[PDB]
Amino acid sequence: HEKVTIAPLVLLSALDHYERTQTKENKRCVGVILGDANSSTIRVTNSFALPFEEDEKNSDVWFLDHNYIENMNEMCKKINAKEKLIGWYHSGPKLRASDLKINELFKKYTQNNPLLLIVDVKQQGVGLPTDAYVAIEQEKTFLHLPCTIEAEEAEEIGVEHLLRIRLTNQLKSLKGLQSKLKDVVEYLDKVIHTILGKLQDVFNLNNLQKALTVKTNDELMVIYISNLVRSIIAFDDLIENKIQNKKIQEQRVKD
Amino acid sequence: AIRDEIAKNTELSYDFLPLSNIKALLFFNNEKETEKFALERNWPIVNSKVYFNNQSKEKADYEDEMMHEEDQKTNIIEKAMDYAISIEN
Amino acid sequence: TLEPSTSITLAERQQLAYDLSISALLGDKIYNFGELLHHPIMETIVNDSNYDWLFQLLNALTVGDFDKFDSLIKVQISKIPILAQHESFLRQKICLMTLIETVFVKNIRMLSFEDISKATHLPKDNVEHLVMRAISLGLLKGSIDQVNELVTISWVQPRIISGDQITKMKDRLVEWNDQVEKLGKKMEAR
């Protein structure tokens, strides 16, 4: 399949247009990603906003200027020639009816399958403040591609200069069953099987490990054998340092 | 007290023993009285034989996270690994 | 899903349901006739004149009675013995999907020769051959143990049923939550 690679330059750029424009919950900042969608690895090296206006009274009313779309994409070619139109990004926590009608706009100048991106300034719950989706039809069918972040050498190192485990893993793992339980109950009363079929595939696949439980305990003992030997090595240094500490005390008594 | 001490040995040392031998080993004068002692000791009785299902032990006052626990077995194994980390820290 | 297109009257719906029904007689793949009931078909067609095969074969895969369906049909489809063979697969596949997690509580996968013989209404000799032919068609996987009387079948064919997995999914939620208060708070309060 394909994967979406979002550079930290793009994630931080979309967060800037939200605060500078004083965008409230009634508006969502829309922008255009730039990159190469030809290969299986989709990387976005550039992002910019657009004068978008949102209307909550009518989902079919949106203000977008196509002149600024083609001009800015042409003027930014002088920087890097690898930047083309692979899709667009927009703000807001949720996908409303106005987002479905604006999907067919950029598809005229886009060759391959466009890429959609949702930027969340609040980042409420779990991970992934920016979720990526693909727009394709047979009815609109959206698929969530794996979201990864990879930058250049100077870009990844520059983040560390500006900033100069097990418990968290168990908390998010427990919340996965709580969030899935609410999705099944709400969908049960919504119908009164296709959506629940995909969740049943993952949920079904000492229950099945009973055959490997005997062989698992034998491997855990071998792991402790290495840990027991390394523990003795650390214990020898404690006695060696205790004798070494006395040599310093013996010099303090004579001198 | 001697016969009660022998009864502790007859559980592990005898898997199956008939009724006539228990009377002779512990010096009993009655066969019906022999089965009466087996009821207080919780000894299963079948025809011409006496088994012991009590070899497995449990209870014994109160114990938690010690001496072959039940539901904490998975955690204590991981807890023992986390105790050595804090000693070094 | 087509709302706007494929204009059809009640005459062609019965002709369309004919090819949809017969496809599932010998079809051993993708659930069973109940999928045709999930779509607005049976409610739009007549309930008799050999259009009721969906209702008769629905419970025939549970109770396992072949005299109810064979008595109401003609000699056209009853001459081919293959039709009676495929009805034995879908009857057992309902119980074989219960081996890991659907209904059963302890969620332990084990099957003997005696328990499966009473559910499929077949002897111990015919049930061993029925499982081998089911895996050979690509519907199932796994192995078979005749020494200890154990049947291990890998989960392949999905199902559209639901509502029985909510309670058993809570078992993983409650049992793992106890370690958050005990083991989880032990490492945090270190």
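Take chain B, compute every pairwise Cα distance, and split them into 5 Å bins from 0; I just need the percent in each bin.
Reading the bins upward from 0: 3, 10, 18, 16, 9, 7, 7, 7, 7, 6, 4, 3, 2, 0.
Name the most mobile residue of C:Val174, C:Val151, C:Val131, meaning the one with the largest mean-square fluctuation, in a Gaussian network model of chain C with Cα contacts below 10 Å.
Comparing C:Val174, C:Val151, C:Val131 in the GNM, the peak value goes to C:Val174.
Based on alpha-carbon centroids, what's the gap between segment A:115-186 and segment A:208-248 in Å, whole number please?
One Cα centre to the other: 38 Å.
So what's the gap between the Cα centers of segment A:44-95 and segment C:82-151, to the nearest angstrom?
57 Å
Could you work out how much longer the chain between C:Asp178 and C:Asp125 gets when fully extended? Use 0.36 nm per residue separation minus the Cα distance between them, nm to one decimal.
Extending this stretch completely gives an extra 14.4 nm.
With runs of 4+ DSSP H residues as the only contributors, calculate the mean residue ellipticity of chain A at 222 nm using -39,500 (n - 2.57) per run, divided by the residue total and rounded to the nearest 500.
The helix contribution divided over chain A gives -16000 deg cm²/dmol.
Would you calculate the convex hull of the Cα atoms in chain A and tell me its volume per residue in Å³?
Here the figure is 278 Å³ per residue.
By the gyration tensor of its Cα atoms, with a ≥ b ≥ c the square roots of the eigenvalues, what is the shape of segment B:1-43: rounded for a/c under 1.5, prolate for a/b over b/c, or oblate?
Here segment B:1-43 falls in the rounded category.
What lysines could a cross-link reach from B:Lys32, if we take a straight Cα to Cα line under 30 Å and drop same-chain neighbours fewer than 8 places away?
B:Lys8, B:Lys23, B:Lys49, B:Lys57
Counting other C-beta atoms within 10 Å, and keeping those with at most 15, which DSSP coil GluC sites (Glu not before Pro) do you find in segment B:40-89?
B:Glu58, B:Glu63, B:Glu65, B:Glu69, B:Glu70
With the cut-off at 33 Å, report for the protein assembly as shown the share of all Cα pairs above it, as a whole percent.
69 percent
Give me log10 I(q)/I(0) at q = 0.18, 0.19 Å⁻¹ for segment C:74-135, Debye formula, one equal scatterer per alpha-carbon, no solvent.
-0.70, -0.76
Quick one: B:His68, C:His86, A:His17, A:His144, fewest Cβ neighbours within 10 Å first, how do they rank?
So the residues, fewest neighbours to most, are B:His68, A:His144, C:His86, A:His17.
Given axes a ≥ b ≥ c from the Cα gyration tensor, I'd like to know whether segment A:161-247 is rounded (a/c under 1.5), prolate (a/b larger than b/c) or oblate.
oblate
Per DSSP H run of n ≥ 4, the term is -39500 (n - 2.57); total these for chain C, divide by its residue number, and report the mean residue ellipticity at 222 nm rounded to 500 deg cm²/dmol.
So the calculated ellipticity at 222 nm is -14500 deg cm²/dmol.
Can you pull out the GluC sites (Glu not before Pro) in segment A:33-119 that DSSP calls coil and that have at most 12 other Cβ atoms within 10 Å?
A:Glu56, A:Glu104
Using only the Cα atoms of segment C:1-90, build the gyration tensor, take square roots of its eigenvalues as a ≥ b ≥ c, and label the shape rounded, prolate or oblate: rounded if a/c is under 1.5, else prolate if a/b is larger than b/c, else oblate.
prolate
Filter the chymotrypsin sites (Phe, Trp or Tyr not before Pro) in segment C:49-121 to those in DSSP coil with at most 15 other Cβ atoms within 10 Å of their Cβ, and list the result.
C:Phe66, C:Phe104
Tell me the net charge near C:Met187. Cut-off is 14 Å between Cβ atoms, C:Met187 excluded, with +1 for each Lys or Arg and -1 for each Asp or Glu.
+2
Equivalent ellipsoid semi-axes for segment C:107-190, as square roots of 5 times the alpha carbon gyration tensor eigenvalues: give them largest first, rounded to whole Å.
39, 15, 13
Once the Cα gyration tensor of segment A:9-117 is found, what semi-axes does its equivalent ellipsoid get, as square roots of 5 times the eigenvalues, in whole Å, sorted largest first?
23, 16, 13
What number comes out for the charge environment of C:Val151, summing +1 per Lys or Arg and -1 per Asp or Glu over other residues with Cβ under 10 Å away?
Overall, the nearby charge balance is -3.
For segment C:1-159, what does the equivalent ellipsoid look like in terms of its semi-axes, each the square root of 5 times an eigenvalue of the Cα gyration tensor, given largest first in whole Å?
The three semi-axes for segment C:1-159 are 33, 19, 13 Å.
Can you sort A:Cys147, A:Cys29 from fewest to most other Cβ atoms within 10 Å of each residue's own Cβ?
So the residues, fewest neighbours to most, are A:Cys147, A:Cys29.
Over 25 Å between Cα atoms, which of A:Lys57/A:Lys140; C:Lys118/C:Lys141; A:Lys82/A:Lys122; A:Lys172/C:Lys185 qualify?
A:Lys82/A:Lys122
Please give the contour-minus-distance gain from A:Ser39 to A:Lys77: 0.36 nm per residue of separation, less the Cα-Cα distance, rounded to one decimal in nm.
11.7 nm
Taking the alpha-carbon centroid of each part, what is the distance from segment C:38-68 to segment B:1-23 in angstrom?
Rounded to whole Å, the Cα centres lie 68 Å apart.
May I ask for the net charge around A:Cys76, where only other residues with Cβ less than 13 Å from the Cβ of A:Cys76 are counted and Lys, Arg are +1 while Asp, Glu are -1?
Neighbour charge sum, excluding A:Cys76 itself: +1.
Here Cβ is always computed from backbone atoms with ideal geometry, including for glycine, and neighbour counts include all displayed protein chains. Coordinate-derived values only; no laboratory data.
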